[PDB]
Amino acid sequence: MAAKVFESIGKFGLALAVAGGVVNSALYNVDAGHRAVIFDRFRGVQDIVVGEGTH
């Protein structure tokens, strides 16, 4: 009834918050005239330079 589904909803709700956050943290914007170098803590800096835009 109300109890089970809503409880799951509760889990969903917090999960959604978390998920939204991760996606948010996932996106980055580089302004025009700027270029981003990506460095991984594991690998170090990668050779590919990223241009303007959201990535």
# chains A, B, ... in the order shown; residues from 1 in each chain; ligands from 1

$ select_by_dssp --residues "chain A" --states "helix (DSSP H, G or I)" --output "JSON, numbers by chain"
{"A": [2, 3, 4, 5, 6, 7, 8, 9, 10, 11, 12, 13, 14, 15, 16, 17, 18, 19, 20, 21, 22, 23, 24, 25, 26]}

$ select_by_dssp --residues "chain A" --states "strand (DSSP E or B)" --output "number ranges by chain"
A: 29-30, 36-40, 44-50, 53-54

$ write_last_selection --atoms "N, CA, C and O atoms" --output "CSV table (one decimal), in the first residue's frame"
chain,number,residue,atom,x,y,z
A,29,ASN,N,32.3,23.8,-17.9
A,29,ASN,CA,32.2,24.8,-19.0
A,29,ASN,C,33.5,25.5,-19.2
A,29,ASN,O,34.2,25.9,-18.2
A,30,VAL,N,33.9,25.6,-20.4
A,30,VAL,CA,35.1,26.4,-20.7
A,30,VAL,C,34.7,27.6,-21.5
A,30,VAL,O,33.9,27.5,-22.5
A,36,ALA,N,41.1,23.9,-21.9
A,36,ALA,CA,41.2,23.2,-20.7
A,36,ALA,C,42.1,22.0,-21.0
A,36,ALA,O,42.0,21.3,-22.0
A,37,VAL,N,43.0,21.7,-20.0
A,37,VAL,CA,43.8,20.5,-20.1
A,37,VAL,C,43.3,19.7,-19.0
A,37,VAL,O,43.0,20.1,-17.9
A,38,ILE,N,43.1,18.4,-19.3
A,38,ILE,CA,42.4,17.5,-18.3
A,38,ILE,C,43.5,16.7,-17.6
A,38,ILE,O,44.3,16.0,-18.3
A,39,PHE,N,43.6,16.7,-16.3
A,39,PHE,CA,44.5,15.8,-15.8
A,39,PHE,C,43.8,14.9,-14.8
A,39,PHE,O,43.0,15.3,-14.0
A,40,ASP,N,44.2,13.6,-14.9
A,40,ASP,CA,43.7,12.6,-14.1
A,40,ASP,C,44.7,12.4,-13.0
A,40,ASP,O,45.9,12.4,-13.2
A,44,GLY,N,47.7,11.2,-14.9
A,44,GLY,CA,48.4,12.4,-15.1
A,44,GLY,C,47.7,13.2,-16.2
A,44,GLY,O,46.5,13.0,-16.4
A,45,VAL,N,48.4,14.1,-16.8
A,45,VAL,CA,47.7,15.0,-17.8
A,45,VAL,C,47.6,14.3,-19.1
A,45,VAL,O,48.5,13.6,-19.5
A,46,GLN,N,46.5,14.4,-19.7
A,46,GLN,CA,46.3,13.8,-21.0
A,46,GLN,C,46.6,14.8,-22.1
A,46,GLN,O,46.5,16.0,-21.9
A,47,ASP,N,47.0,14.3,-23.3
A,47,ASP,CA,47.5,15.1,-24.4
A,47,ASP,C,46.4,15.9,-25.0
A,47,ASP,O,46.7,16.8,-25.8
A,48,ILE,N,45.2,15.5,-24.8
A,48,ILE,CA,44.1,16.2,-25.6
A,48,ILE,C,43.7,17.4,-24.9
A,48,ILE,O,43.5,17.5,-23.7
A,49,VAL,N,43.7,18.5,-25.7
A,49,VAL,CA,43.3,19.8,-25.2
A,49,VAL,C,41.9,20.0,-25.5
A,49,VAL,O,41.5,19.7,-26.7
A,50,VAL,N,41.1,20.5,-24.6
A,50,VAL,CA,39.7,20.7,-24.9
A,50,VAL,C,39.4,22.1,-25.2
A,50,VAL,O,40.0,23.0,-24.6
A,53,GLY,N,33.3,25.3,-24.7
A,53,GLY,CA,32.0,24.6,-24.8
A,53,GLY,C,31.8,23.9,-23.5
A,53,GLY,O,32.6,24.0,-22.6
A,54,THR,N,30.7,23.1,-23.4
A,54,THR,CA,30.4,22.4,-22.2
A,54,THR,C,30.8,21.0,-22.4
A,54,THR,O,30.5,20.4,-23.5

$ residues_around --residues "residue 26 of chain A" --least-positions-apart "4" --cutoff "9 Å" --atoms "only C-alpha atoms" --output "PyMOL selection string"
chain A and resi 21-22+55

$ atom_distance --atom1 "atom CA of residue 51 of chain A" --atom2 "atom CA of residue 28 of chain A"
11.7 Å
